[PDB]
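For the sequence shown, PDB author numbering begins at 4 and goes up steadily by one. Data block below; observations after.
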Amino acid sequence: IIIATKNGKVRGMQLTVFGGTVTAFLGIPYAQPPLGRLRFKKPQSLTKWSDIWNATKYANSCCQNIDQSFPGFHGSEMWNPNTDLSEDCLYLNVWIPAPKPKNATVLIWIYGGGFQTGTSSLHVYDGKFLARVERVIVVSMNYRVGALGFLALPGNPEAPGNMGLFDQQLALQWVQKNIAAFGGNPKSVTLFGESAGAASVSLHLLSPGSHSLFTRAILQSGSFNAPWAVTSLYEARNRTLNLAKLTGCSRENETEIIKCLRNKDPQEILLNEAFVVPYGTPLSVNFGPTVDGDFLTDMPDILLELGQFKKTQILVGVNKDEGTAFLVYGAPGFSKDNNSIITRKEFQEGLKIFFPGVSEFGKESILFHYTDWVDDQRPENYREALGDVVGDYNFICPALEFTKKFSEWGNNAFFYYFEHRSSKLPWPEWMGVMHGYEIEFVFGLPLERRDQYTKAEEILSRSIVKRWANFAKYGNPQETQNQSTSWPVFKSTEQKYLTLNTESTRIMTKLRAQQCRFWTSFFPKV
Ligand SMILES: *[C@@H]1O[C@H](CO[C@@H]2O[C@@H](C)[C@@H](O)[C@@H](O)[C@@H]2O)[C@@H](O[C@@H]2O[C@H](CO)[C@@H](O[C@@H]3O[C@H](CO)[C@@H](O)[C@H](O)[C@@H]3O)[C@H](O)[C@H]2NC(C)=O)[C@H](O)[C@H]1NC(C)=O
Ligand SMILES: *[C@@H]1O[C@H](CO[C@@H]2O[C@@H](C)[C@@H](O)[C@@H](O)[C@@H]2O)[C@@H](O[C@@H]2O[C@H](CO)[C@@H](O[C@@H]3O[C@H](CO)[C@@H](O)[C@H](O)[C@@H]3O)[C@H](O)[C@H]2NC(C)=O)[C@H](O)[C@H]1NC(C)=O
Ligand SMILES: *[C@@H]1O[C@H](CO[C@@H]2O[C@@H](C)[C@@H](O)[C@@H](O)[C@@H]2O)[C@@H](O[C@@H]2O[C@H](CO)[C@@H](O)[C@H](O)[C@H]2NC(C)=O)[C@H](O)[C@H]1NC(C)=O
Ligand SMILES: CN(C)CCNc1cc(-c2ccncc2)c(-c2cccc3ccccc23)nn1
Ligand SMILES: *[C@@H]1O[C@H](CO[C@@H]2O[C@@H](C)[C@@H](O)[C@@H](O)[C@@H]2O)[C@@H](O)[C@H](O)[C@H]1NC(C)=O
Ligand SMILES: *[C@@H]1O[C@H](CO)[C@@H](O)[C@H](O)[C@H]1NC(C)=O
Ligand SMILES: *[C@@H]1O[C@H](CO)[C@@H](O)[C@H](O)[C@H]1NC(C)=O
């Protein structure tokens, strides 16, 4: 099973899925390793090789810091890298249906992890299911994260910023030059990602050099207009400089500072990334996408507002309890190991955590718009309130505002609201249907009867997997056979969305409307 690419011969491996076969190429290089004098640079192209690459195991994950807050806990460790960390990490994976397809729609997966963490080799990013069940080709790439991939000295090509985004873009390139040899159709490519991956996807909608690299886009719990997604040029400098002071690399020739950080061990760089911002939150994106003038040609809010994006269809959505995950990473009174009923003092104490550099009055207005209870006796009030505040501010309202503005330029948009809690979900019940726990359903993991999921979950995964592929294949995320509910387009007048649950899939209007007026209109004034 050897495939010839533009750079040389690659050999994959044969997997048995659901009494059928998927062919997997794991860990194909897509760029010169960003090492030595190549650290912090845009990813250079790849020289031809005269052999057969063995793409038969996942490559190295990119250098990154690891969630060590909950050691031994599957709920947090299922997200930490599962391969060697190295700077030599610019690789990608291809799953093709067997027998080899002819002109298959390609799905390209971009992982999240706050632009600091993440790897494609994760179990819940395994694309052999979608290859098997829907007959699509699934690609996912590793891209640089944290300072190694997003450190920004605006202007200087030695550290121009947005390198991790250019990694991704060189991967879409590779698919464009090479996927046709795997049976894929480069004119039918749907990007999809989650969290920072979904923010990443929304940025390729804006970046003119990605316009011709994909057809459509699916955004899961993330968009570039979310408060954590874009770092300013102000902060990107102060963060770059503080990394330099922290490593003794402070020079005056801006170029010499980068040469200094290049002769430092990858670890010394990882530990100092924590402290470059004087007060962090659980959602601190220390080194993220900046307005660089190469990938991103302008402030993305202005680009979005004025219609300067790829005109195509989008699939956009969010989970019911986006924000709860972050409450146990700092919010006082919370724990994954009790029900975290917090008092009013504790709730206020938690806004200082999540809105650190916000004025007194701004913290006071969050408390105001979230503590007019219908029943003031309910002791979960402040615990649920703080969750929604974090989820509404960081995820739900930016995603709805992205869909409104994008749909305003005449393109079909589809919004979902994922409200099912995995029966296998390892976090406690008070945290709900958390950030990132739709991915297993999107990737069709509940389709494995062995994995101890319930039958209603196999059916829901089955419906979602069909809806995603139909949207990828046909720009229309319907499930047309098993009597499903029809998913209406999100028009900015009526703002209709589809709920995704194991029971009654329903059509509803104007998600979190009262909350999002606060976050999208009022709160940005403070
Ligand atoms: C890339 O892969 C090929 C093929 O092997 C395949 O992939 C591997 C990752 C494994 O899962 C294999 O089971 C699978 O078939 C590698 O080719 C192998 O190279 C070795 C090392 O030289 C060969 O050994 C020689 O064989 C004979 C004895 O049979 C003598 O002439 C020599 O003394 C010598 O021992 C071997 O035959 C060959 N094939 C197999 C099936 O093992 C290839 O090296 C690999 N490249 C890598 C990993 O860089
Ligand atoms: C839910 O659990 C949280 C988290 O506490 C941690 O996890 C628990 C499951 C236990 O294993 C705890 O031992 C562990 O720390 C509890 O938050 C903690 O509450 C205690 C008691 O209210 C706080 O202790 C106080 O701390 C301050 C400042 O240091 C002083 O006034 C006192 O000396 C006193 O000891 C503690 O700050 C707080 N811990 C953290 C890490 O936030 C929570 O009370 C508990 N609640 C419910 C309702 O289940
Ligand atoms: C811009 O950056 C400076 C420098 O940050 C400090 O040094 C870094 C290496 C790192 O360890 C940071 O945590 C440090 O804060 C910031 O100046 C600091 O400000 C805090 C409070 O904001 C103060 O307690 C520190 O003493 C200051 N340190 C120094 C060396 O001046 C600064 O806040 C950043 N702010 C702005 C507005 O640009
Ligand atoms: C996107 N997959 C990975 C969903 C799985 N869970 C998480 C957890 C975290 C996390 C880890 C450790 N401490 C706090 C949060 C993040 C994350 C990390 C850093 C910055 C962020 C900024 C915005 C949003 C998320 C993060 N992301 N996802
Ligand atoms: C593959 O198909 C090409 C046309 O692709 C079509 O248009 C794009 C926009 C997608 O929506 C896709 O689903 C459609 O099929 C042909 O021009 C091309 O020659 C074909 N090549 C092979 C080898 O099949
Ligand atoms: C910084 O140093 C590099 C390396 O010698 C040199 O090319 C560059 O011109 C220097 N710039 C300034 C402004 O000193
Ligand atoms: C439709 O129902 C049949 C009956 O078992 C099942 O095999 C198939 O996977 C279902 N398809 C979808 C898209 O739900």
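Where a beta carbon is used, it is the ideal one built from N, C-alpha and C, also for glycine.
Quick one: what does DSSP say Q517 is sitting in, helix, strand or coil? helix
Indicate whether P292 and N145 have their beta-carbon atoms separated by less than 7 Å. Not closer than 7 Å, so no.
Candidates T243, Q270, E271, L249: which alpha carbon is nearest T258's? Closest option to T258, Cα to Cα, is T243.
When you compare the CB positions of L450 and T505, do they come within less than 7 Å of one another, or not? Going by C-beta atoms, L450 is not nearer than 7 Å to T505.
Taking the alpha helix (DSSP H) that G158 falls in, what are its first and last residues? Segment: none, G158 is in no alpha helix (DSSP H) and carries neither H nor E.
Using a Cβ distance threshold of 8 Å, determine whether the segment 89-103 contacts the segment 184-202, with at least three qualifying pairs required. yes
From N83 to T120, what distance separates their C-alpha atoms? 8 Å
Using CA atoms only, rank isn't needed, just tell me which of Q47, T250, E137 is closest to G39. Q47
Consult DSSP for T26 and reduce its assignment to one of helix, strand or coil. strand
Less than 6 Å between the CB of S464 and some heavy atom of ligand 7, yes or no? no
By the three-class DSSP mapping on this structure, what secondary structure does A220 have? strand
Is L330 near ligand 4 - that is, is its Cβ less than 6 Å away from at least one heavy atom of it? no
Can you have a look at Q484 and say buried or exposed, based on whether 16 or more other CB atoms are within 10 angstroms of its CB? exposed
Okay, do the segment 426-444 and the segment 332-352 touch, 3+ Cβ pairs below 8 Å being the bar? yes
Spatially closest choice to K12 from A27, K51, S72, by CA coordinates: Closest option to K12, Cα to Cα, is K51.
How many Å lie between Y500 and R515 at the Cα? 11 Å
Measure the alpha-carbon distance for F169 versus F298 and round it to whole angstroms. Going by C-alpha positions, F169 is about 7 Å away from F298.
Anticipated Cβ contact below 8 Å, residue 531 with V233, distance rounded: What is shown of the chain runs 4 to 529, which leaves residue 531 out entirely.
Decide yes or no for the touch test of the segment 104-113 against the segment 70-85: beta carbon pairs closer than 8 Å, at least 3 of them. no
What is the DSSP secondary structure of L370, counted as helix, strand or coil? Here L370 sits in helix by DSSP.
Please tell me whether, using a cut-off of 6 Å, the distance from the CB of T59 to the nearest non-hydrogen atom of ligand 1 is below it. yes
Measuring CA to CA, which of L273, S124, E238 is closest to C92? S124
Closest to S507 by CA distance: which of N479, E460, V319, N245 is it? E460
Taking the Cβ atom as the reference point for each residue, do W471 and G310 lie within a distance shorter than 7 Å? no
Report the option in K323, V445, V321, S343 whose CA atom is closest to the CA atom of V331. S343
Separation of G365 from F526, as counted between CA atoms: 7 Å
Report yes if the CB atom of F350 is closer than 7 Å to the CB atom of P285, and no otherwise. Contact flag unset, no.
Limits of the unbroken alpha helix (DSSP H) element including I467: That run of the alpha helix (DSSP H) goes 458-477.
Proximity test, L249 beta-carbon vs ligand 3 heavy atom, cut-off 6 Å: yes
Across which residues does DSSP place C65 in a beta bridge pair? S89
Once you ignore the five residues that flank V178 on each side, which residues in its own chain have a CB closer than 7 Å to its CB? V109, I111, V142, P189, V192, listed in sequence order.
Identify the continuous beta strand (DSSP E) that holds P100 and give its terminal residues. 94-101
Any heavy atom of ligand 4 within a distance shorter than 6 Å of the CB on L125? Checking the Cβ of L125 against ligand 4 gives no.
Let's see if you can read the secondary structure: which residues bound the alpha helix (DSSP H) around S338? Careful: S338 lies outside any alpha helix (DSSP H) and carries neither H nor E.
Report all residues from its chain with a CB closer than 6 Å to the CB of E276; omit the five preceding and five following residues, and keep chain order. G149, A150, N289
Starting from the C-beta of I345, find all residues in its chain whose C-beta is less than 6 Å away, skip the five residues before and the five after it, and write them out in chain order. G336, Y385, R386
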